[PDB]
Amino acid sequence: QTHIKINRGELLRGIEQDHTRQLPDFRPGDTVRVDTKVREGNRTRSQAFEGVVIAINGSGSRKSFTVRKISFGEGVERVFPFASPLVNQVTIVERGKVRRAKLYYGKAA
Amino acid sequence: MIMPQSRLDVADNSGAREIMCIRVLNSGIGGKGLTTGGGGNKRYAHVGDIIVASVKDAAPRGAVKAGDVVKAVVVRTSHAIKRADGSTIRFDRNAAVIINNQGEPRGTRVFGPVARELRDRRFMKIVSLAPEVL
Amino acid sequence: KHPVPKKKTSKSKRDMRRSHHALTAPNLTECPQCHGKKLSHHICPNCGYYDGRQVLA
Amino acid sequence: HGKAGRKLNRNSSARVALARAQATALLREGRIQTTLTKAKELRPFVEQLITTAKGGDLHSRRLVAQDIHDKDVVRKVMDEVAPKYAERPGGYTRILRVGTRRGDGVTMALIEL
Amino acid sequence: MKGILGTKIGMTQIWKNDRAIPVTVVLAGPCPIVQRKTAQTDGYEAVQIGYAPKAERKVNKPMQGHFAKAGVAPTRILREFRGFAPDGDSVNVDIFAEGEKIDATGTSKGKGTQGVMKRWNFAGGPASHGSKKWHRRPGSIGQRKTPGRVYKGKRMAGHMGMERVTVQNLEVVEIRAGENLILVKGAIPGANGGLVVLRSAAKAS
RNA sequence: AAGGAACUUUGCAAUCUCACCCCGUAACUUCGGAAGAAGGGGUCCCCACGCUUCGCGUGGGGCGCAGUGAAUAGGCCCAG
RNA sequence: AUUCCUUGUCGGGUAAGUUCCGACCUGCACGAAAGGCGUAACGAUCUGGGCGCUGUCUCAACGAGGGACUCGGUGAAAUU
RNA sequence: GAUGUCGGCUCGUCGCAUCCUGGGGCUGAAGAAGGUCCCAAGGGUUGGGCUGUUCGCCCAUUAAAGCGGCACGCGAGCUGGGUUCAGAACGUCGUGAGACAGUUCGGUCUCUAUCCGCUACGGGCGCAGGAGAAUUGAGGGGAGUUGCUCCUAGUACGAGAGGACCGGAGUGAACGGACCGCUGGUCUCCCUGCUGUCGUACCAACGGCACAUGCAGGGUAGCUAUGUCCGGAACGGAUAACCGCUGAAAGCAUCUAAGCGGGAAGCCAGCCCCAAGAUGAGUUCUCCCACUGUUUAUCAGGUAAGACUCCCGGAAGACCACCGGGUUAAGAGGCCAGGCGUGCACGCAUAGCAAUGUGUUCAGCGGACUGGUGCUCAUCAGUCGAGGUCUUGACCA
Ligand SMILES: [Mg+2]
Ligand SMILES: [Mg+2]
Ligand SMILES: [Mg+2]
Ligand SMILES: [Mg+2]
Ligand SMILES: [Mg+2]
Ligand SMILES: [Mg+2]
Ligand SMILES: [Mg+2]
Ligand SMILES: [Mg+2]
Ligand SMILES: [Mg+2]
Ligand SMILES: [Mg+2]
Ligand SMILES: [Mg+2]
Ligand SMILES: [Mg+2]
Ligand SMILES: [Mg+2]
Ligand SMILES: [Mg+2]
Ligand SMILES: [Mg+2]
Ligand SMILES: [Mg+2]
Ligand SMILES: [Mg+2]
Ligand SMILES: [Mg+2]
Ligand SMILES: [Mg+2]
Ligand SMILES: [Mg+2]
Ligand SMILES: [Mg+2]
Ligand SMILES: [Mg+2]
Ligand SMILES: [Mg+2]
Ligand SMILES: [Mg+2]
Ligand SMILES: [Mg+2]
Ligand SMILES: [Mg+2]
Ligand SMILES: [Mg+2]
Ligand SMILES: [Mg+2]
Ligand SMILES: [Mg+2]
Ligand SMILES: [Mg+2]
Ligand SMILES: [Mg+2]
Ligand SMILES: [Mg+2]
Ligand SMILES: [Mg+2]
Ligand SMILES: [Mg+2]
Ligand SMILES: [Mg+2]
Ligand SMILES: [Mg+2]
Ligand SMILES: [Mg+2]
Ligand SMILES: [Mg+2]
Ligand SMILES: [Mg+2]
Ligand SMILES: [Mg+2]
Ligand SMILES: [Mg+2]
Ligand SMILES: [Mg+2]
Ligand SMILES: [Mg+2]
Ligand SMILES: [Mg+2]
Ligand SMILES: [Mg+2]
Ligand SMILES: [Mg+2]
Ligand SMILES: [Mg+2]
């Protein structure tokens, strides 16, 4: 409704690509180790989630991926944006033989 | 998002097996002891807000008993927590730690992880008892 | 329940209501070939002419 | 509101059974007389079906075999018409607005190849 | 004062330092001067400029005369900004610095004739407690014989949206200058491929 | 989604549950009963083996989120 | 199902119980085939509590189908 | 010849005898925290347990959990629990039929708005030519809530314990507005898996039907709240209670009797939205012009600028309206590429007695998304649409 010829998608990319990063070929069901970093007050710690990967979603800057682990008897999943600076290095560990693409059904485990 | 009827489980050895919510409040934890609310409302409780709660189940032997009331602080929203990078957490089961009026717990420790936001809002001690601070 | 009208309505209003029901007249044109009259963007019904012939005479 | 399609006051199972019989005849006889709407409904679905059939491989013929149920017609678009359509990128159909009618009083149309 | 025009291109996710800021992308392709109105001319203090371009053919005669009065080439769209001044013609560099709070105005996405819910946030009705045909209806309009009317402006079903909406104090995350692209913190009302005007904040703080 | 009777005059309504097989089953009792109490587990496809068959037990394999895979199909309990 | 005083007093359950259950006895105004007090089982009866499940609710959302709306055909009503 | 009643629910809006919040006087007011009274109605006023209940008691909070009016507001708005019909039982009255503002169980709340009123949206005409756009803001609506923490400060005060005003900085509830990038929902045929049965002759592959998706699994665009962004202000003018300056009547004293300053969450202005039907109809830029018709026809006609009509569509919308495109053309569809979605097609090969597995296959399939592309349709044309009344007045020839 301003009519103006323009590639919405490509200005989109123009921005949302400086803020974009690619990772290891994980397909879902692959187990993975993310080496996450935390800041505690001036100091920068370093935890590490390590789980079955259940969902990759979207793309470009907004591309994300959800891990799921059992940490101390209580079950917990967690979802990273491919390009969050509080996420340092992902590392495939296993390659799952997965028949679906979203892996929700494994929340009975 | 916890609200008044929510039966969360308990992370402590304070003898409360299972506690059910009953009000919410919105006190930080500053100065002398805990404080008194943002106000009336706040219709929901999520991770590190306090909730007043009644006690639904307990250990046949332990500090705190079957009916005992008493304020708890949340540790495991089955809901989801968005941290200012985009990271999201979520725990499969809903849970809390029981506490006293200066903050720290009637427990001797904590079972299962806790969300780094408890650290945000200065619950030192519970964060310390915590087996994992995700 | 069961709303009805309070008072019978007048010839006057009633025909002010009808004030619009007035039909709009097909705006027509003459159809370059067979020569009856066609509706704009449709087929001139006599011959069958949209630019050559389609539906038949 | 970026949605897209027609509900054509039928359900959803119907909607299909329609544009499948309608594609079935448009392919069965070069042009058809039918409501202007139901036509602008039958345009891009027949069209896409042209682009399935335009391909040769057995697949494309089972791909078509799903929507267009009668062998003769399938075979027609597969073997006969689609090939004929080779060098042309689209526009395998066109639409003509005739006029009115008595009962329903609805505008009407010819849709052709 | 401060102001310029451009399009709503899209909402996206980007990072400054460590946080997921959500940013909506505005464009503000150069706007040209067209009309400069002063008191001794038109009473009030303003400037009319223009956004999306248009080819001489699809253009009126009058509008042509207009756009020709200051050698400009037609813009599909005109608009005014009260109490401005510049010199030359108007882009976003020279107008915004990164971080400056700004008031962003658009039209909304409109919704058609909308329920008492959707429209005005009405309560509702006990979806299963015997409640004949009263599931979505606002209940009562008044009192009784007094006053015996219905109040002026009593909220009820109505065309929702397509309003002119302004949202206040928004922050210029990023200026992709001479690509006339603007990044702005958060929401901006009215649909993608939108027409929006970025003006300085109304306020101060 | 999170919660799970906070609804309300009352869980009104709607979901739960759902068939067949095998384990197992309370106070109370007029010894018939309660009782399908409760609560579990199995259920599909293939190959071999036995058995009274169309059939079925057993053993090993196979696949999908799930196998009365779709439809017909009890929510249960305590106490007046 | 009977209680005026009445939310009687006490206990149980609840975080909190005019309801409900037990006891109490000062039965306004129980009582023995106009049956009295019990009781297994039976109940689309009535009353309270629980477990389970749930848009009943917090707080509503998206979707679907049939209306409502538009066009051509036929065209009522109570009221006045 | 009918004004339907309690209570709930929905919806509201007024009063101020003010529950909170804001300002002040008094104090048996050191501070903190209070009592009480004057000003003050802008906004705000929680969730449950019992009872038909209003009410009231309790649970747990709160700045506060205000009091009342609007036919004890609100049934052509919903409930239908209380009471008021017929059935039945219990107590009590009555010899009886029957009885009781005693109790108890059950017990039909009636699809079409004519007018005023209201929310929205058009059609007409008006606004001294006929048009395309840009607008001043008369005046009118929304909005106005509040805690907690921290600094000032362990400072003033006070043996002490405790503990400020003022100012300044943050963080949050509820409400509102918008938004779909995130997190999720849904996504009625986008992709996949399933069964019983029918059919495409059979196998293999598919399609129906099992919803009005047969079931299950995911699910883009759009739409959404649980998600996100932003807000309530600052400042200024005039006030209330109140505090004072100069100061006479009444040589003194006096805020007042002439005059003057200060003074609130309130009024006006400031903020967001509508707004010249503001008939008092405003202003500005631009465009078309001074046409033709025996007044036997003192008003029409053909046209300019421009516009509709009609087709094609849209993040606009029930209709109308609104935005774009209409071949000088990228408007939509299709087509190509890509994205995203499903997750590894058919066939064939291979392994296996088979069920199946592996390969070929990051494979195949494809609703909305992003661009490119003249393959399709937006073809032809029909319909309107100016000639500018008078009066004075100033200015030019
Ligand atoms: Mg998702
Ligand atoms: Mg939140
Ligand atoms: Mg107990
Ligand atoms: Mg119809
Ligand atoms: Mg069907
Ligand atoms: Mg719309
Ligand atoms: Mg509702
Ligand atoms: Mg009146
Ligand atoms: Mg759930
Ligand atoms: Mg029921
Ligand atoms: Mg026995
Ligand atoms: Mg059983
Ligand atoms: Mg498996
Ligand atoms: Mg199994
Ligand atoms: Mg059933
Ligand atoms: Mg008691
Ligand atoms: Mg008897
Ligand atoms: Mg019987
Ligand atoms: Mg209860
Ligand atoms: Mg009709
Ligand atoms: Mg009457
Ligand atoms: Mg007063
Ligand atoms: Mg008020
Ligand atoms: Mg009265
Ligand atoms: Mg009343
Ligand atoms: Mg009434
Ligand atoms: Mg009743
Ligand atoms: Mg007697
Ligand atoms: Mg009407
Ligand atoms: Mg005004
Ligand atoms: Mg007026
Ligand atoms: Mg107002
Ligand atoms: Mg200090
Ligand atoms: Mg001290
Ligand atoms: Mg909100
Ligand atoms: Mg998106
Ligand atoms: Mg989504
Ligand atoms: Mg044969
Ligand atoms: Mg077969
Ligand atoms: Mg069939
Ligand atoms: Mg059949
Ligand atoms: Mg059927
Ligand atoms: Mg589905
Ligand atoms: Mg002043
Ligand atoms: Mg593609
Ligand atoms: Mg298809
Ligand atoms: Mg396209």
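Of all residues in segment E:184-200, none satisfies being of a type in the set (S, T, Y), loosely packed, with under 12 Cβ neighbours inside 10 Å, under 30 Å from E:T12 (Cα atoms) and in contact (Cβ under 8 Å) with a residue 24 or more places away in the chain.
Taken together, the residues in segment A:65-109 that are loosely packed, with under 12 Cβ neighbours inside 10 Å and touching a strand residue (DSSP E or B) at 6+ places or on another chain (Cβ under 6 Å) amount to 1.
Screening the candidates C:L28, C:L23, C:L39 for the property of being farther than 30 Å from D:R94 by Cβ and of a type in the set (A, V, I, L, M, F, W, C) yields one hit, C:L23. Just so you know, in segment E:121-147 the residues that are within 11 Å of RNA strand G (Cβ to nearest atom) and within 15 Å of E:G158 (Cα to Cα) include one that is nearest to the other protein chains (Cβ to nearest Cβ), and it is E:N121. Out of (1) more than 11 Å from the chain's Cα centre (by Cα); (2) of a type outside the set (D, E, K, R); (3) in a loop (DSSP other than H, G, I, E, B); (4) surrounded by 22 or more Cβ atoms within 10 Å (Cβ to Cβ), what's the single condition that is false for B:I89? Just one mismatch for B:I89, condition (3). A:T2 fulfils the conditions (1) within 13 Å of another protein chain (Cβ to nearest Cβ); (2) touching a residue at least 40 places away in the same chain (Cβ under 8 Å); (3) surrounded by 15 or more Cβ atoms within 10 Å (Cβ to Cβ); (4) not charged (D, E, K, R) except for a single criterion, (2). Within the bounds of segment B:16-39, is there any residue that is under 13 Å from the mean Cα position of the chain (by Cα), of a type in the set (K, R), away from chain A (no Cβ under 14 Å) and on the phi < 0 side of the Ramachandran plot? Within segment B:16-39, one or more residues are under 13 Å from the mean Cα position of the chain (by Cα), of a type in the set (K, R), away from chain A (no Cβ under 14 Å) and on the phi < 0 side of the Ramachandran plot. Please tell me if B:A45 is within 24 Å of A:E77 (Cα to Cα) and touching a residue at least 12 places away in the same chain (Cβ under 8 Å). So B:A45 passes the test.
Taken over segment D:54-106, residues that are over 16 Å from the mean Cα position of the chain (by Cα), within 14 Å of chain C (Cβ to nearest Cβ) and either within 16 Å of ligand 5 (Cβ to nearest atom) or surrounded by fewer than 16 Cβ atoms within 10 Å (Cβ to Cβ) (or both) amount to 5. Filtering segment E:157-181 to residues that are within 16 Å of ligand 6 (Cβ to nearest atom) and of a type in the set (A, V, I, L, M, F, W, C) leaves E:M160, E:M162, E:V165. Screening the candidates B:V64, B:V55 for the property of being within 16 Å of RNA strand G (Cβ to nearest atom), in a loop (DSSP other than H, G, I, E, B), away from every other protein chain (no Cβ under 13 Å) and crowded, with 19+ Cβ neighbours inside 10 Å yields one hit, B:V64. Residues of segment D:61-101 that are assigned to a helix (DSSP H, G or I), within 13 Å of ligand 46 (Cβ to nearest atom) and not charged (D, E, K, R): D:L63, D:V64, D:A65, D:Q66. Only residues that are charged (D, E, K, R), more than 24 Å from the chain's Cα centre (by Cα) and not in a loop (DSSP other than H, G, I, E, B): list them for segment E:143-183, please. The one that is charged (D, E, K, R), more than 24 Å from the chain's Cα centre (by Cα) and not in a loop (DSSP other than H, G, I, E, B): E:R144.
Counting only helices (runs of 4 or more DSSP H) wholly contained in segment D:1-58, the ones carrying 2 or more residues that are within 16 Å of ligand 46 (Cβ to nearest atom) occupy D:13-28, D:43-53.
Quick one: in segment E:147-183, which of the residues that are acidic (D, E) and in contact (Cβ under 8 Å) with a residue 40 or more places away in the chain is farthest from A:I4 (Cα to Cα)? If we take residues in segment E:147-183 being acidic (D, E) and in contact (Cβ under 8 Å) with a residue 40 or more places away in the chain, then E:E171 is farthest from A:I4 (Cα to Cα).
If I ask for residues that are small (G, A, S), closer than 25 Å to B:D68 by Cα and out of contact with any helix residue (DSSP H, G or I) (no Cβ under 7 Å at 6 or more places or on another chain), which ones from segment B:104-134 would you list?
Of everything in segment B:104-134, those that are small (G, A, S), closer than 25 Å to B:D68 by Cα and out of contact with any helix residue (DSSP H, G or I) (no Cβ under 7 Å at 6 or more places or on another chain) turn out to be B:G112, B:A130.
Of all residues in segment D:34-53, at least one satisfies being farther than 30 Å from C:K37 by Cβ and in contact with a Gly (Cβ under 8 Å, 6 or more places away or on another chain).
Scanning segment A:32-88 for residues that are assigned to a loop (DSSP other than H, G, I, E, B) and in contact (Cβ under 8 Å) with a residue 60 or more places away in the chain returns A:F82, A:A83. I'd like to know if segment D:71-83 contains one or more residues that are farther than 21 Å from D:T24 by Cα, within 9 Å of RNA strand H (Cβ to nearest atom) and not small (G, A, S). No - not one qualifying residue is present in segment D:71-83. Among all residues of segment A:89-106, there is none that is closer than 25 Å to B:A95 by Cα, within 13 Å of another protein chain (Cβ to nearest Cβ) and in a strand (DSSP E or B). Filtering segment A:10-64 down to residues that are on the phi > 0 side of the Ramachandran plot and either surrounded by 17 or more Cβ atoms within 10 Å (Cβ to Cβ) or of a type in the set (D, E) (or both), which residue is farthest from the other protein chains (Cβ to nearest Cβ)? So, considering only residues that are on the phi > 0 side of the Ramachandran plot and either surrounded by 17 or more Cβ atoms within 10 Å (Cβ to Cβ) or of a type in the set (D, E) (or both), the one farthest from the other protein chains (Cβ to nearest Cβ) is A:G29.
Readers should treat all values here as calculations from the given coordinates under stated rules, not as data from a laboratory. Reconstructed Cβ throughout: ideal geometry from the backbone, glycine too, with neighbour counts over all protein chains shown.
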